[PDB]
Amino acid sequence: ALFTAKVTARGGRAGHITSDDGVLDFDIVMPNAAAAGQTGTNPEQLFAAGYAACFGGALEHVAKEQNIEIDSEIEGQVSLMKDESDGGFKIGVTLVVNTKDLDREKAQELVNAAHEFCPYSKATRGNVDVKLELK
């Protein structure tokens, strides 16, 4: 292990998360948060944030390998969905990649390489149908 990040979640779908280091400190909120005057995050948003960040790191590393400096914005879009197999729930993911002035052919190549490197892509491979979009 290079490092272990620790976060404690108390109390379920209306609960609260505090990272070991205090950097993360939030309520977990339900769909009616605005109406109820609550503020916070949820597991989908946390997923979106992590995957966006993971993918940016991966894109930067693959580019580096080719001595390319990239200026990127990655929008992670994580959807909660009904799991008809189960009567339960599952996740859907889209990543919209903005690589600014990078030639598009190169952008396409590095996005694919990034998807093979990013630990979140590896963790979800074959379970989630991760859609990759360039702009």
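All residue numbers are counted from 1 along the displayed sequence.
Across the two stretches, 117-125 and 7-15, the PDB entry reports the greater mean Cα temperature factor for 7-15. Sort the chain's modelled residues by C-alpha temperature factor and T39 lands in the highest third, per the entry. Sort the chain's modelled residues by C-alpha temperature factor and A33 lands in the highest third, per the entry. For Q66, the recorded CA B-factor ranks within the middle third of the chain. Only modelled residues enter the ranking. Among all modelled residues in its chain, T99 ranks in the highest third by Cα B-factor. Split the chain's modelled residues into thirds by C-alpha temperature factor. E109 is in the middle one.
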